[PDB]
Amino acid sequence: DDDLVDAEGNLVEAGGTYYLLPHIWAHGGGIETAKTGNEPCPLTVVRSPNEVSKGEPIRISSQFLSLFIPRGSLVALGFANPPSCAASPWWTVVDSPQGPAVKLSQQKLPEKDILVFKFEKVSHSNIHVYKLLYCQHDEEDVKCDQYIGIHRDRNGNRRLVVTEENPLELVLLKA
Ligand code: NI
């Protein structure tokens, strides 16, 4: 029943702000946004290519009421300071010709659409590192089997998307 642990070994505080950084420093910086396709503002969730950037502060909220996050629980992830055209700060997974992608929405969202993430601890590490799972509807329910990874588009944006191989890994650094 381990609760999530941050980069300094302390429990992640529900609703608190954290920087989602890669385990391997060489993989880039924190998570932020980019404007792609026909988007009116930055509604595409991406990983900063700047290794010194901590990216945007992210709020992690649980499906359960608690001061902490029970790692086996579903979580919603949102930017503490979302772009202007986003209706709310929460990330969602949207279908596309290229496959499911992590985005921000112009629409108000129902809990079932944002409470679709789950952190999965990686065993081979001295600190607490987590892969990020996406959990689609197992209909009245939901199931966490599909991982989140990176896809660099033609312009160099490192978009967070559902991937088959090579899931990203993260450490949660309290802002
Ligand atoms: Ni690793």
# chains A, B, ... in the order shown; residues from 1 in each chain; ligands from 1

$ closest_atom_pairs --of "stretch 80-101 of chain A" --to "stretch 130-141 of chain A" --cutoff "12 Å" --atoms "only C-alpha atoms" --output "JSON lines"
{"residue": "A:91", "atom": "CA", "partner": "A:134", "partner_atom": "CA", "distance": 11.0}
{"residue": "A:92", "atom": "CA", "partner": "A:134", "partner_atom": "CA", "distance": 9.4}
{"residue": "A:93", "atom": "CA", "partner": "A:134", "partner_atom": "CA", "distance": 8.0}
{"residue": "A:94", "atom": "CA", "partner": "A:136", "partner_atom": "CA", "distance": 10.8}
{"residue": "A:95", "atom": "CA", "partner": "A:136", "partner_atom": "CA", "distance": 11.4}
{"residue": "A:100", "atom": "CA", "partner": "A:134", "partner_atom": "CA", "distance": 9.8}
{"residue": "A:101", "atom": "CA", "partner": "A:134", "partner_atom": "CA", "distance": 10.3}

$ select_by_dssp --residues "chain A" --states "strand (DSSP E)" --output "ChimeraX atom specification"
/A:17-21,31-34,44-47,58-62,75-79,92-94,101-103,117-121,130-136,143-152,158-163,169-174

$ residues_near_ligand --ligand "ligand 1" --cutoff "9 Å" --atoms "only C-alpha atoms and all ligand atoms" --output "list in words"
residues 22, 23, 24, 122, 124, 125, 129, 130, 131, 168, 169 and 170 of chain A

$ closest_residue --among "A:112, A:78, A:46, A:19" --to "residue A:7" --atoms "only C-alpha atoms"
A:19

$ residues_around --residues "stretch 156-163 of chain A" --least-positions-apart "2" --cutoff "12 Å" --atoms "only C-alpha atoms" --output "number ranges by chain"
A: 27-37, 42-50, 91-96, 98-104, 117, 131-136, 144-154, 165-169

$ select_by_dssp --residues "chain A" --states "helix (DSSP H, G or I)" --output "ChimeraX atom specification"
/A:25-27,111-114

$ atom_distance --atom1 "atom CA of residue A:173" --atom2 "atom CA of residue A:65"
21.7 Å

$ closest_residue --among "A:80, A:41, A:87, A:69" --to "residue A:6" --atoms "only C-alpha atoms"
A:69

$ atom_distance --atom1 "atom CA of residue A:59" --atom2 "atom CA of residue A:14"
8.0 Å

$ residues_around --residues "residue A:63" --least-positions-apart "3" --cutoff "9 Å" --atoms "only C-alpha atoms" --output "PDB file with C-alpha atoms, in the first residue's frame"
ATOM      1  CA  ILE A  69      -1.241   9.423  -2.981  1.00  0.00           C
ATOM      2  CA  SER A  73      -4.631   4.521  -7.050  1.00  0.00           C
ATOM      3  CA  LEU A  74      -5.659   6.392 -10.169  1.00  0.00           C
ATOM      4  CA  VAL A  75      -4.451   9.976 -10.351  1.00  0.00           C
ATOM      5  CA  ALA A  76      -5.220  13.079 -12.389  1.00  0.00           C
ATOM      6  CA  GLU A 111     -13.688  13.048 -13.568  1.00  0.00           C
ATOM      7  CA  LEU A 115      -8.590  10.214 -13.505  1.00  0.00           C
TER       8      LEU A 115
END

$ atom_distance --atom1 "atom CA of residue A:54" --atom2 "atom CA of residue A:20"
7.5 Å

$ closest_residue --among "A:58, A:128, A:143, A:16" --to "residue A:81" --atoms "only C-alpha atoms"
A:58

$ closest_residue --among "A:4, A:116, A:21, A:11" --to "residue A:56" --atoms "only C-alpha atoms"
A:21

$ closest_residue --among "A:84, A:10, A:155, A:126" --to "residue A:106" --atoms "only C-alpha atoms"
A:84

$ closest_residue --among "A:39, A:120, A:113, A:1" --to "residue A:171" --atoms "only C-alpha atoms"
A:120

$ decode --residues "stretch 37-73 of chain A" --atoms "N, CA, C and O atoms" --output "PDB file, in the first residue's frame"
ATOM      1  N   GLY A  37      -0.484  21.388 -34.394  1.00  0.00           N
ATOM      2  CA  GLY A  37      -1.652  21.246 -35.246  1.00  0.00           C
ATOM      3  C   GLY A  37      -2.470  22.530 -35.350  1.00  0.00           C
ATOM      4  O   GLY A  37      -1.918  23.611 -35.566  1.00  0.00           O
ATOM      5  N   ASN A  38      -3.783  22.411 -35.174  1.00  0.00           N
ATOM      6  CA  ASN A  38      -4.698  23.549 -35.270  1.00  0.00           C
ATOM      7  C   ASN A  38      -4.976  24.195 -33.904  1.00  0.00           C
ATOM      8  O   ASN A  38      -5.798  25.111 -33.803  1.00  0.00           O
ATOM      9  N   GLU A  39      -4.293  23.723 -32.862  1.00  0.00           N
ATOM     10  CA  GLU A  39      -4.493  24.245 -31.509  1.00  0.00           C
ATOM     11  C   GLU A  39      -4.355  25.769 -31.418  1.00  0.00           C
ATOM     12  O   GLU A  39      -3.397  26.351 -31.926  1.00  0.00           O
ATOM     13  N   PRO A  40      -5.322  26.430 -30.759  1.00  0.00           N
ATOM     14  CA  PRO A  40      -5.310  27.890 -30.600  1.00  0.00           C
ATOM     15  C   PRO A  40      -4.263  28.387 -29.603  1.00  0.00           C
ATOM     16  O   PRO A  40      -3.861  29.545 -29.642  1.00  0.00           O
ATOM     17  N   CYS A  41      -3.824  27.503 -28.713  1.00  0.00           N
ATOM     18  CA  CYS A  41      -2.806  27.839 -27.725  1.00  0.00           C
ATOM     19  C   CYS A  41      -2.090  26.530 -27.366  1.00  0.00           C
ATOM     20  O   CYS A  41      -2.446  25.471 -27.886  1.00  0.00           O
ATOM     21  N   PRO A  42      -1.064  26.583 -26.498  1.00  0.00           N
ATOM     22  CA  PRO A  42      -0.346  25.350 -26.131  1.00  0.00           C
ATOM     23  C   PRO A  42      -1.210  24.310 -25.415  1.00  0.00           C
ATOM     24  O   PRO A  42      -1.371  24.366 -24.200  1.00  0.00           O
ATOM     25  N   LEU A  43      -1.751  23.355 -26.168  1.00  0.00           N
ATOM     26  CA  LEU A  43      -2.597  22.318 -25.592  1.00  0.00           C
ATOM     27  C   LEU A  43      -2.002  20.921 -25.736  1.00  0.00           C
ATOM     28  O   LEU A  43      -2.681  19.919 -25.469  1.00  0.00           O
ATOM     29  N   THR A  44      -0.740  20.859 -26.156  1.00  0.00           N
ATOM     30  CA  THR A  44      -0.039  19.592 -26.321  1.00  0.00           C
ATOM     31  C   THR A  44       0.966  19.425 -25.173  1.00  0.00           C
ATOM     32  O   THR A  44       1.837  20.264 -24.967  1.00  0.00           O
ATOM     33  N   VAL A  45       0.837  18.339 -24.422  1.00  0.00           N
ATOM     34  CA  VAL A  45       1.730  18.082 -23.296  1.00  0.00           C
ATOM     35  C   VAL A  45       3.038  17.516 -23.829  1.00  0.00           C
ATOM     36  O   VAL A  45       3.040  16.524 -24.553  1.00  0.00           O
ATOM     37  N   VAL A  46       4.149  18.159 -23.477  1.00  0.00           N
ATOM     38  CA  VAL A  46       5.455  17.721 -23.955  1.00  0.00           C
ATOM     39  C   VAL A  46       6.545  17.762 -22.882  1.00  0.00           C
ATOM     40  O   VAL A  46       6.341  18.277 -21.778  1.00  0.00           O
ATOM     41  N   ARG A  47       7.707  17.210 -23.221  1.00  0.00           N
ATOM     42  CA  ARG A  47       8.861  17.220 -22.326  1.00  0.00           C
ATOM     43  C   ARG A  47       9.841  18.263 -22.848  1.00  0.00           C
ATOM     44  O   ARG A  47      10.174  18.268 -24.030  1.00  0.00           O
ATOM     45  N   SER A  48      10.285  19.156 -21.972  1.00  0.00           N
ATOM     46  CA  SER A  48      11.233  20.192 -22.358  1.00  0.00           C
ATOM     47  C   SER A  48      12.551  19.559 -22.788  1.00  0.00           C
ATOM     48  O   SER A  48      13.009  18.582 -22.188  1.00  0.00           O
ATOM     49  N   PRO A  49      13.170  20.094 -23.849  1.00  0.00           N
ATOM     50  CA  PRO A  49      14.444  19.539 -24.313  1.00  0.00           C
ATOM     51  C   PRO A  49      15.608  20.115 -23.499  1.00  0.00           C
ATOM     52  O   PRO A  49      16.736  19.652 -23.608  1.00  0.00           O
ATOM     53  N   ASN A  50      15.304  21.128 -22.685  1.00  0.00           N
ATOM     54  CA  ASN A  50      16.283  21.821 -21.837  1.00  0.00           C
ATOM     55  C   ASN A  50      16.486  21.069 -20.522  1.00  0.00           C
ATOM     56  O   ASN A  50      15.601  21.044 -19.665  1.00  0.00           O
ATOM     57  N   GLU A  51      17.663  20.476 -20.355  1.00  0.00           N
ATOM     58  CA  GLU A  51      17.966  19.711 -19.157  1.00  0.00           C
ATOM     59  C   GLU A  51      18.015  20.496 -17.847  1.00  0.00           C
ATOM     60  O   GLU A  51      17.960  19.892 -16.778  1.00  0.00           O
ATOM     61  N   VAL A  52      18.117  21.823 -17.904  1.00  0.00           N
ATOM     62  CA  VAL A  52      18.137  22.590 -16.661  1.00  0.00           C
ATOM     63  C   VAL A  52      16.722  23.033 -16.284  1.00  0.00           C
ATOM     64  O   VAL A  52      16.460  23.427 -15.148  1.00  0.00           O
ATOM     65  N   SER A  53      15.803  22.959 -17.240  1.00  0.00           N
ATOM     66  CA  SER A  53      14.421  23.354 -16.979  1.00  0.00           C
ATOM     67  C   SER A  53      13.658  22.293 -16.194  1.00  0.00           C
ATOM     68  O   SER A  53      13.671  21.119 -16.548  1.00  0.00           O
ATOM     69  N   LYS A  54      12.987  22.718 -15.131  1.00  0.00           N
ATOM     70  CA  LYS A  54      12.194  21.810 -14.315  1.00  0.00           C
ATOM     71  C   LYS A  54      10.796  21.697 -14.923  1.00  0.00           C
ATOM     72  O   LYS A  54       9.937  20.991 -14.395  1.00  0.00           O
ATOM     73  N   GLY A  55      10.577  22.398 -16.035  1.00  0.00           N
ATOM     74  CA  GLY A  55       9.275  22.365 -16.674  1.00  0.00           C
ATOM     75  C   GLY A  55       8.240  23.079 -15.820  1.00  0.00           C
ATOM     76  O   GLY A  55       8.589  23.921 -14.989  1.00  0.00           O
ATOM     77  N   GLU A  56       6.971  22.732 -16.006  1.00  0.00           N
ATOM     78  CA  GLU A  56       5.877  23.350 -15.264  1.00  0.00           C
ATOM     79  C   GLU A  56       5.535  22.625 -13.971  1.00  0.00           C
ATOM     80  O   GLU A  56       5.669  21.406 -13.880  1.00  0.00           O
ATOM     81  N   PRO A  57       5.087  23.371 -12.947  1.00  0.00           N
ATOM     82  CA  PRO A  57       4.718  22.721 -11.680  1.00  0.00           C
ATOM     83  C   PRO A  57       3.431  21.949 -11.986  1.00  0.00           C
ATOM     84  O   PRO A  57       2.520  22.485 -12.625  1.00  0.00           O
ATOM     85  N   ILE A  58       3.370  20.695 -11.560  1.00  0.00           N
ATOM     86  CA  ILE A  58       2.219  19.842 -11.839  1.00  0.00           C
ATOM     87  C   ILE A  58       1.513  19.421 -10.564  1.00  0.00           C
ATOM     88  O   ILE A  58       2.154  19.025  -9.584  1.00  0.00           O
ATOM     89  N   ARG A  59       0.188  19.487 -10.584  1.00  0.00           N
ATOM     90  CA  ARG A  59      -0.595  19.085  -9.429  1.00  0.00           C
ATOM     91  C   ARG A  59      -1.030  17.641  -9.620  1.00  0.00           C
ATOM     92  O   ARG A  59      -1.581  17.283 -10.664  1.00  0.00           O
ATOM     93  N   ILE A  60      -0.757  16.815  -8.614  1.00  0.00           N
ATOM     94  CA  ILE A  60      -1.109  15.402  -8.647  1.00  0.00           C
ATOM     95  C   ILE A  60      -2.260  15.175  -7.667  1.00  0.00           C
ATOM     96  O   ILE A  60      -2.125  15.435  -6.474  1.00  0.00           O
ATOM     97  N   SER A  61      -3.396  14.704  -8.172  1.00  0.00           N
ATOM     98  CA  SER A  61      -4.565  14.454  -7.332  1.00  0.00           C
ATOM     99  C   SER A  61      -5.022  13.008  -7.444  1.00  0.00           C
ATOM    100  O   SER A  61      -5.035  12.421  -8.529  1.00  0.00           O
ATOM    101  N   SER A  62      -5.404  12.447  -6.305  1.00  0.00           N
ATOM    102  CA  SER A  62      -5.838  11.060  -6.209  1.00  0.00           C
ATOM    103  C   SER A  62      -7.335  10.881  -6.379  1.00  0.00           C
ATOM    104  O   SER A  62      -8.102  11.838  -6.261  1.00  0.00           O
ATOM    105  N   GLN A  63      -7.738   9.645  -6.665  1.00  0.00           N
ATOM    106  CA  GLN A  63      -9.148   9.318  -6.802  1.00  0.00           C
ATOM    107  C   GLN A  63      -9.716   9.200  -5.389  1.00  0.00           C
ATOM    108  O   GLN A  63     -10.925   9.210  -5.194  1.00  0.00           O
ATOM    109  N   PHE A  64      -8.822   9.094  -4.409  1.00  0.00           N
ATOM    110  CA  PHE A  64      -9.215   8.970  -3.008  1.00  0.00           C
ATOM    111  C   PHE A  64      -8.884  10.207  -2.191  1.00  0.00           C
ATOM    112  O   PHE A  64      -7.934  10.927  -2.490  1.00  0.00           O
ATOM    113  N   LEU A  65      -9.682  10.447  -1.156  1.00  0.00           N
ATOM    114  CA  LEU A  65      -9.444  11.571  -0.271  1.00  0.00           C
ATOM    115  C   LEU A  65      -8.355  11.069   0.675  1.00  0.00           C
ATOM    116  O   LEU A  65      -8.495  10.017   1.300  1.00  0.00           O
ATOM    117  N   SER A  66      -7.259  11.809   0.747  1.00  0.00           N
ATOM    118  CA  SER A  66      -6.122  11.455   1.586  1.00  0.00           C
ATOM    119  C   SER A  66      -5.127  12.588   1.456  1.00  0.00           C
ATOM    120  O   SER A  66      -5.182  13.360   0.493  1.00  0.00           O
ATOM    121  N   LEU A  67      -4.226  12.699   2.425  1.00  0.00           N
ATOM    122  CA  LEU A  67      -3.211  13.742   2.391  1.00  0.00           C
ATOM    123  C   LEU A  67      -2.131  13.310   1.412  1.00  0.00           C
ATOM    124  O   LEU A  67      -1.366  14.137   0.915  1.00  0.00           O
ATOM    125  N   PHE A  68      -2.082  12.008   1.142  1.00  0.00           N
ATOM    126  CA  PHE A  68      -1.082  11.439   0.243  1.00  0.00           C
ATOM    127  C   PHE A  68      -1.682  10.681  -0.940  1.00  0.00           C
ATOM    128  O   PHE A  68      -2.902  10.569  -1.063  1.00  0.00           O
ATOM    129  N   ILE A  69      -0.812  10.160  -1.801  1.00  0.00           N
ATOM    130  CA  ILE A  69      -1.241   9.423  -2.981  1.00  0.00           C
ATOM    131  C   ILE A  69      -0.906   7.931  -2.907  1.00  0.00           C
ATOM    132  O   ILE A  69       0.259   7.539  -2.964  1.00  0.00           O
ATOM    133  N   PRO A  70      -1.927   7.077  -2.772  1.00  0.00           N
ATOM    134  CA  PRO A  70      -1.728   5.622  -2.704  1.00  0.00           C
ATOM    135  C   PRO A  70      -1.341   5.133  -4.108  1.00  0.00           C
ATOM    136  O   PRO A  70      -2.199   4.984  -4.972  1.00  0.00           O
ATOM    137  N   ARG A  71      -0.050   4.891  -4.326  1.00  0.00           N
ATOM    138  CA  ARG A  71       0.470   4.471  -5.632  1.00  0.00           C
ATOM    139  C   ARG A  71      -0.375   3.491  -6.454  1.00  0.00           C
ATOM    140  O   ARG A  71      -0.256   3.453  -7.683  1.00  0.00           O
ATOM    141  N   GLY A  72      -1.223   2.706  -5.793  1.00  0.00           N
ATOM    142  CA  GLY A  72      -2.064   1.774  -6.525  1.00  0.00           C
ATOM    143  C   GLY A  72      -3.347   2.448  -6.984  1.00  0.00           C
ATOM    144  O   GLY A  72      -4.216   1.821  -7.590  1.00  0.00           O
ATOM    145  N   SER A  73      -3.451   3.742  -6.705  1.00  0.00           N
ATOM    146  CA  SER A  73      -4.631   4.521  -7.050  1.00  0.00           C
ATOM    147  C   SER A  73      -4.500   5.281  -8.359  1.00  0.00           C
ATOM    148  O   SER A  73      -3.395   5.557  -8.831  1.00  0.00           O
TER     149      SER A  73
END
